[PDB]
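# Secondary and tertiary structure notes
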Amino acid sequence: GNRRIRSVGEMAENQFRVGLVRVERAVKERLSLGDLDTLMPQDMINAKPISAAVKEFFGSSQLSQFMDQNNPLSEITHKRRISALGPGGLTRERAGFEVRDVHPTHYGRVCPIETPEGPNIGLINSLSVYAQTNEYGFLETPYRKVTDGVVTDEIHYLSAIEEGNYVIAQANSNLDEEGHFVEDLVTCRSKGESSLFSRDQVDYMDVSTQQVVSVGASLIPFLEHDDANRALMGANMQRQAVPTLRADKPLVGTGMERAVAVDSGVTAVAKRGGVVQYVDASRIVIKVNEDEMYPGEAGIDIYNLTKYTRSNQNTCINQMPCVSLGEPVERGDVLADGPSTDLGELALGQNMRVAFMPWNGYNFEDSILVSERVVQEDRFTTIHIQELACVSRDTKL
Amino acid sequence: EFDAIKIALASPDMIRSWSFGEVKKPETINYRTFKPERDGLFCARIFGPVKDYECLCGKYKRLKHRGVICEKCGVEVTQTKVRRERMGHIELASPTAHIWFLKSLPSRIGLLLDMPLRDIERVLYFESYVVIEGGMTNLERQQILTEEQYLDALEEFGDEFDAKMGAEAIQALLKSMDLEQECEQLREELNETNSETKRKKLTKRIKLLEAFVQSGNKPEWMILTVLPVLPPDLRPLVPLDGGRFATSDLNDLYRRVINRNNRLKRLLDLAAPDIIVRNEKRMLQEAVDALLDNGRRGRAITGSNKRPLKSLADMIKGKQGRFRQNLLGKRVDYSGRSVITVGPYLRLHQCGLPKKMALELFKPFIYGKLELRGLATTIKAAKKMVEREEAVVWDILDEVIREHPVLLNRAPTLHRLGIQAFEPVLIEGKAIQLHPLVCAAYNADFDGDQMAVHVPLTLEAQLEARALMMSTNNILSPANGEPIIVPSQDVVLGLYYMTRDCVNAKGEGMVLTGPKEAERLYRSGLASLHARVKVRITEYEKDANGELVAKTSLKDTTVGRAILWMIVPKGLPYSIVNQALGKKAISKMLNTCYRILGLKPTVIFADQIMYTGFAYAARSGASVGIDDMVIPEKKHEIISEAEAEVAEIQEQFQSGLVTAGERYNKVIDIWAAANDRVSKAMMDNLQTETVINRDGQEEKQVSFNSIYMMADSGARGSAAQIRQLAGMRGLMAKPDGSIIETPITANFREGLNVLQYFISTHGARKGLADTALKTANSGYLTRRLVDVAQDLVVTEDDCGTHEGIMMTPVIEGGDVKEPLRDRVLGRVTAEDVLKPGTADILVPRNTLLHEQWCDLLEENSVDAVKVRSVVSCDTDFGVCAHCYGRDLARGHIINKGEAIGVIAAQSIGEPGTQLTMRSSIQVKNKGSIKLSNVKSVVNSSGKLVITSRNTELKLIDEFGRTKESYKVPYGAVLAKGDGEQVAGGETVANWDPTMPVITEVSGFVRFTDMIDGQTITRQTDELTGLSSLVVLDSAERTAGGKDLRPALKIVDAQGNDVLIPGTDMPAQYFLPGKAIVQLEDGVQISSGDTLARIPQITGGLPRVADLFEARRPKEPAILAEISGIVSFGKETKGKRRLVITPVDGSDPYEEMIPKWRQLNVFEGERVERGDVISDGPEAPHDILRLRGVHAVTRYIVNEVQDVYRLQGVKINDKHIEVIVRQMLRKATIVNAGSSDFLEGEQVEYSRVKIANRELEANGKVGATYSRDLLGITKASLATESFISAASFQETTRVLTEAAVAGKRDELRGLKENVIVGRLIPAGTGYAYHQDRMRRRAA
Amino acid sequence: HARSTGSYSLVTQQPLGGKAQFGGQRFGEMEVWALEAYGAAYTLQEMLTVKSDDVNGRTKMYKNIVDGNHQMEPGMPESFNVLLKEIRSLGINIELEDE
Amino acid sequence: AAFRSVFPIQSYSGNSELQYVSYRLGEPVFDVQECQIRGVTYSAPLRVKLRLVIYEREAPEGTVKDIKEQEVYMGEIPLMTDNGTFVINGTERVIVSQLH
Amino acid sequence: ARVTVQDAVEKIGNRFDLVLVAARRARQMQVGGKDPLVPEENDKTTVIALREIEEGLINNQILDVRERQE
DNA sequence: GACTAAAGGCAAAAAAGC
DNA sequence: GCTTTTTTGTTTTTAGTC
Ligand SMILES: [Mg+2]
Ligand SMILES: [Zn+2]
Ligand SMILES: [Zn+2]
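Method of determination, as annotated in the archive: cryo-EM, at 3.7 Å resolution.

According to its UniProt record, chain B has this under Catalytic activity: "RNA(n) + a ribonucleoside 5'-triphosphate = RNA(n+1) + diphosphate". Turning to chain B, the UniProt record has this under Sequence similarities: "Belongs to the RNA polymerase beta' chain family."

Shown next as structure tokens:
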């Protein structure tokens, strides 16, 4: 309740206002000591200081980070990042132990798992899946209203401070058919602690079992069985995965794979429903449905898929048309698959056949064995794209 | 090329002798050409030519006149390296004063003159005049003057009035006065003086001047008159494009000062008036000030775009300074870096290398190998030949690889084994294949950690790498006592599976000829790996002097044990491998071998262990699955009971019977009890799962579950992890420290609620953050240990001293933690060891107790043998070999020369990673009761009650061994007596946790010598039900009433103040504040009856850090440093005074004693020499200064050992003690004779001065000093060598101090020798210097 | 990454850094402690004098390797004499008093 | 609102007042694809309409001339792509939220 | 070939003058060298000296005395 | 006579320019 | 990534007071 998130809009407004006042004092002085009626605003006003200030803020700062392109999950968790650093936060040397900790009010607002390790831990924690910002800048999370003993389907958004004087049930608590709890003494949490409360005492219920972990840690299967440290390790190495030339589906997943694949803009999604008319390895032509296309404009959709291009981590991006001729598509349907995805589902690595057994020490402590069969069939071989730039300057000679 | 460094000030004639010419003009280069001026700053005649073997005019062309001068250009035709070294000088018409001594905070000019620096600066920059006997009677030589006073005195005397100006006046005054009469007069002044503020300044001045006269430097030499010029190479001027230059900052100031000199010379060429003479002299003065140290006073840069220039000071110190950033931390070639992997087919002295890295590293050696064979012709030919990677290149590279060890080291080289050597083995790939076992030394897992490979070049480096660096020599860890080649994670489980025994398997119950048969039965699949066979074996024993006698028998064992016994060496008993060989055993295994057969059998045996363990772990198969983790069925039922009782406790709070705190404690306690019960149930279920029938009925035996195999064998995991996997994970605590009241009731195998997981999140985040932030503070600590203990080099073999007291095993209240066996092992005795048999000497003096003399101690029940310690040594800046003890890295005793301080620093710094950041006496054993500090009297019940607060009790075994120790507080009754044989489980003392105060004689209590109501208050409370007597303090009671220190008058039937008969003092005992007396008036009191009742560890890393720094605690426990009978003082505005009354000597002593905190000191306390007064933490300072030097040693070593044992880390006590010998490196002179009166300086220097003085000056008292300590932070600043001091802190100050004092550096350290580039005299360099002095300069 | 002998920085005669531009592995000082803790003095002398920051010894050592030798220069490096000259420049008399 | 913070502009004593009227966003000069290809910011021009009003000197507040400068160029404002990210020169850079 | 110096330690135990005399031996075995006293199997002089410790007639104290012989 | 509290200076650190 | 500038934590000296 005492910490507020500033998004790009607020810093943009602040820098714009700074440049505005900086140019405005000068133009006010010039107008006061200059012409009175025979002058135009355009020549006396200036634009270069404002443009320079805003461009410098956008292109050079400790908070305008460098986008990572090695993985759709990497970019989604980078766009969903919350940082306590930058011009207005706190430094690494003067950061106390207590501001690097999980407060009991992070349940449903900030992921307690995904967090970079090393010098800056607990400062760059990301926010959960259902967390959304408030009008004043506070963090707000969904909940399900319970009137007396029945859960109302209508959602209700709660801020941080408002949660303090309430009692909130748990999603895993069973409901019989219309919210009637199986036990009249249901578990709950009221003020930074957990206890057991009566059925009639509860009034709010959490929406689901997923608003605790972020997107980066919600695709680890069977997360409720492994240690928190190992969960963090898995989340990080899942973030840092590199795409293969031919992604394969995960045999065991979570169901958020489609959401992460389609919400991110890497993959091509059908903007308007219709039927396909001509497929190609580089472009897609879609015959839009007659009843859907508005009158006046009677054209058809064109999707110009991108090809091998240099990325911030030198990995390759190439969309693959995952459709055929003469098959219907819907609005918001997946038409092409980018890197590390297939059929509109996230796919980061490969599903190997593994056995747990010591073997002559070649897997001594953490090392791994690989059969020569997998390197025959190139199941893990990757493609990297490098840029070489040569400039032609002019010296004195 | 040398072995000592002497630094002192320079004389003008010798400065000119350094020079080779005189510079006239600053034109470094002429226009329209590129020839430096023949008479300018860059002068060939002064410095040298810019062309090799050629003169400026080039009439002598590098064939006829090498080394001889040229007629046109007066420079010897030679190489350019002389230009690098040749230097010149500049003669100053007006002498100037050096500025550092002016700018130093301890101003040497001011200290030697006894005037401040403000007036000196004014007379130096020509703002005030200086009198030089202007008048014989009016004023003196050491007064300042002004222009108006000068004119007034000029008219006054004129003829005798002389007063010069500036630096020439300063140096004239400095030279015209002597220093002898000054030194004697100052010695007499300090001899008869009273003040202390000026006493320190006067002592500093007299020391400075007595060193100055001894230094041989004349004071007037400090005021320089000729300035040397740096050789031109240090101020390069590269010609940039269009005739431009780099604009060296040195050349700018050189031009400025030379222009000032030329202008002054022109000014004095026509006898200019003094009005403009002063201005020019002043300008030259700031010119030389700027050149000598720019920006210190006036910041007169005037030569840049508003930025300072580097004149001299910027290139002495600073990070941009080259000293500790260019000889401490730097780049290096002939190295590579890459990821690691596991090569489980290599020997201990082998590491893999990728072919590409191998060829890249060894290409310079390839060319030499190639050109020798004649395949190539030129370097280009060899390079293009190896570029194609032909056939011969691989075989010649494999030839040169065979004998050329390479050094591997991880990035964080925490301790001595960070850098190891190996013989390379060429393989394909791009990873450093490493031996598994050695990876325990590096502490390097295989999750992507990188290592770097280096390569020695010379024969010296390679030979020393083979001798020392190689892993086969560094078997034993230098830390405490144990090998680093203990079998690692995977192999241990393989060996554990090798040696087990089921109750029934294929091929059991028969017999085999020997271990060879067991191999064939198992390999052919006819018998199980573990069975119950009876095999016949033959082994050997070392009973004879090197002769292995053989014996054979029929030892019942299992099949696998014979397979294991196949690979063990000759001389080991078979009893070692009968038990189920876990993890700690195998290490002990190796230890046994290391102490019977040597080194090569041990290393080959360890290699065989690794191979067999890997092979039979692969062949066995050990997987983990859901069916392998069994959940105890009772566990669920258990929670119900807990839940039920939890609800019960809730009802207790519901009715108000219990409050919040006690309910919380009860619920957490019952939950912990439930956790204990479920953990025990799960352990019982796992341990005995297996039930296999053997010919009918079913029999139970140890389970073969994989999880239990991992847990029991010690390969990985422990009881905690297995408990978490199946049983309760355990109740977690909030990060602030509070423990939550709802424990997690589910294990990892079962599901976890979202709250339970969320609650368990921040429990691990705190630990992860602590580990992440611990890599800086802990490692930094090692630095503060390296600098203080940098040298500590063993120099000579034996000194002959025999000091040291009471090296005994430590008892910590309960059972003994470590015996005498490991505490004294590795040390050499000094006193003769007396067997407890009335002079039947067992171990002679001056013998190394390795194992055999240790083997002679357990049967004699010896418990107190003192050995010679490092602190009790009296050498010169070193330690004796026969005093440090046996070296821990190798089996034999310490060698000669090798460093110990760095070893100790690294050994104490390594366990930092495993070091975290944030009423009655019960007997447990059987033996006799003994009491130390025997001071007790018979009580009213006939038992014993003590009157001395510092009494301690110890249980003694029937053989005289001490097995228990218990501090006995004041007023504690005794339930037994000394010498009574009492077993365990019987209390012997009882005391209240209020402290009662008890009398000593029988009789009535005539309550006199107190004021009723004022001192004693009739507190007729309803609880006690009587008018109690409360002796309130001065603040609690009336100030006037509390003005007599009331004492109860215990009387006999006569009603008189009966005394302790004739000996000490009457029965009047001064009752302290709040002396709660339940007696009313005149109640009969027997001897030993109560009188009244007084109503009376941080984290490991901070504890170590502030213990080594010797920081004073919050409340230092005051101590009585004098004997006699203690008394009570008076009362003041603050802490009450407390006077002591020793029975002899200088008795009138008192001190400032706080009264709010507890003071367990009374009038009737016959205190002794070195007994504590108050309670609480004690700083090492008082302990060192009052109760002996050995007392501080026994304190901090015990504290740090307790900390490390709490952290589960054990280290040897030699490492902790040696830095102590370096920590106590200073002393304070009490009696004069060597220093002046109180010069706190090196204790070793004073001791060696006194020892030689007594030989010649027999009778002189010398100096009865007191050896005082100093924190490591302060100890690093007081280094004897000035190079180490100048390395990092205040380089300008220490350089000036060494220059004026004529300091001589013998180069006794290691960092200082690294600084100057000479070979370090710690390792093989020490033997080089000793052999260097023996042959040459003998 | 691996490096034997390549280019050097202009300001200081040290090998380059990083994997690119044919850099050299960094040699800190904790391993200086770890290596002086052994009996190692010759290796320390080599790898702080001739391997890293020398120019006369560096070129000579390379030429002294190819011709079948592995012999160093058993004397004080010129990197120490210059320091001496520095101390001799200010006002100070510094000398190798004992030889 | 950012404009409205410094919306009034008033001279020293010349009775000159500069005020904001309206603004419009220009179309981006180059699309995102060529911005990555060429190396330019996918930005938009800023156009504003400024009104300068002048009163008679040493007279009450009566307007004389209204100078309406429309579409005044106030530099370039970088634009967010449809995927929720910004490109500065050739590489996409996203600005993350800050917790203060 | 030879990797350990246990034979040197057990009778001539010292790690410093031993390597110094081994270096003195090897330096003039390399340049101006003569035939060794033991058979060679593709080794350089950086390991031949240590093997000469095993034969007994070459040892750390022997070289110091042998310095007078030269 | 010694303790308390004030500033100058010294050294390490984040930031910005090259 | 290398190097200089300004800023803040640690150290030291001196005027005022119990
Ligand atoms: Mg690895
Ligand atoms: Zn000439
Ligand atoms: Zn000694």
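Back to the write-up after that little detour.
We now examine the protein's contact with DNA strand F. Every residue near DNA strand F is listed here: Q62(A), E93(A), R296(B) and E1290(B). If you look at DNA strand F and keep only atoms within 4 Å of the protein, 100% of those are sugar or phosphate atoms. A distance of 3.4 Å separates a sugar or linking oxygen of DNA strand F from a polar side-chain atom of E93(A). Its residues assigned to classes, the surface near DNA strand F shows no nonpolar, 1 polar and 3 charged.

Here the magnesium ion (ligand 1) is held by the protein donor atoms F446(B) (O), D447(B) (N) and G448(B) (N), which lie 2.0 to 2.8 Å from it. Between consecutive donor residues of the magnesium ion (ligand 1), the sequence gaps follow F-D-G.

Residues and elements named next belong to chain B. Around the zinc ion (ligand 3), the protein supplies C799 (SG), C873 (SG), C880 (SG) and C883 (SG) as donor atoms, at distances of 2.3 Å. One way to put it: the 4 donor atoms around the zinc ion (ligand 3) meet at angles of 106 to 113°, and that makes the site tetrahedral. Look at where the donors of the zinc ion (ligand 3) fall in the sequence and you get C-x73-C-x6-C-x2-C. One end of the pair, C799, is in the loop between helix 27 (754-786) and helix 28 (820-824); the other, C873, is in the loop between helix 29 (852-855) and helix 30 (881-884), with 74 residues separating them in the sequence.

Glancing now at the packing of helix 32 (residues 1100-1108) of chain B against helix 34 (residues 1189-1206) of chain B. What describes two packed helices is the angle between their axes and the distance between those same axes. Residue and element names in this part refer to chain B. As a packed pair, helix 32 and helix 34 sit with axes 10 Å apart at the nearest point and diverge in direction by 165°. By the angle between their axes, helix 32 is roughly antiparallel relative to helix 34. The interaxial crossing formed by helix 32 with helix 34 has left-handed handedness. For the pair helix 32 and helix 34, the contacting residues are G1100, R1103, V1104 and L1107 in the first and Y1195, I1196, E1199, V1200 and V1203 in the second. When grouped by side-chain class, the residues that make up the contact of helix 32 with helix 34 number 6 nonpolar, 1 polar and 2 charged.

Another point: the UniProt feature "binding site: Zn(2+) 2" in chain B. Residue and element names in this part refer to chain B. Under the UniProt annotation, the feature "binding site: Zn(2+) 2" is placed at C799, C873, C880 and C883. The named residues occupy 85 residues along the chain; their greatest pairwise C-alpha distance, 8.1 Å, places them in one compact cluster. Not counting chain neighbours up to four residues away, the residues in contact with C799 comprise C873, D874, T875, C880 and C883. By relative accessible area, which is 0% here, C883 ends up buried.

Another point: the sheet that holds strand 35 (residues 1125-1126) of chain B. Pairing between the strands of a sheet is mediated by backbone hydrogen bonds and can be parallel or antiparallel. Residues and elements named next belong to chain B. Pairing within the open sheet is antiparallel, and its 3 strands lie in the order 35-36-37. For this open sheet the edge positions go to strand 35 and strand 37 (1149-1152), each flanked by a neighbour on one side alone. Two strands pair when backbone bridges link them, and strand 36 (residues 1137-1141) and strand 37 are joined in this way by 4 bridges, in the antiparallel orientation. Along strand 37, the bridge assignment pairs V1139 with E1150.

Here is what the cut-offs are and how they apply
Residues numbered from 1 in each chain as written, not as in the entry; some residues may be left out. Chains lettered and ligands numbered in written order. Part of a larger assembly, values for the part shown. Heavy atoms only, no water. Residues with missing side-chain atoms left out of burial classes, pairs and counts. UniProt positions renumbered as here; feature names shortened; annotations may be inferred. Near = heavy atom within 4 Å. Polar contact = N/O pair within 3.5 Å; in protein donor to acceptor, adjacent residues only side chain to side chain. Nonpolar A, V, L, I, M, F, W, Y, C, P; charged D, E, K, R; others polar. Donors = N, O, S within 2.8 Å, 3.2 Å for Na, K, Ca; no water. Tetrahedral: all angles 85-135°; square planar, octahedral: opposite > 155°, others 65-115°. Helix = DSSP H or I, 4+ residues; strand = E, 2+ residues; numbered from the N terminus. Axes fitted to C-alpha atoms, helices over the stretch in contact; angles between N-to-C directions. Parallel < 35°, antiparallel > 145°, perpendicular 65-115°, else oblique. Left-handed = near helix turned anticlockwise from the far one by under 90°. Contact = heavy atoms within 4.5 Å. Buried < 20%, exposed > 50% of the residue type's maximum accessible area, 1.4 Å probe, protein only. Pairing = 2+ DSSP bridges.

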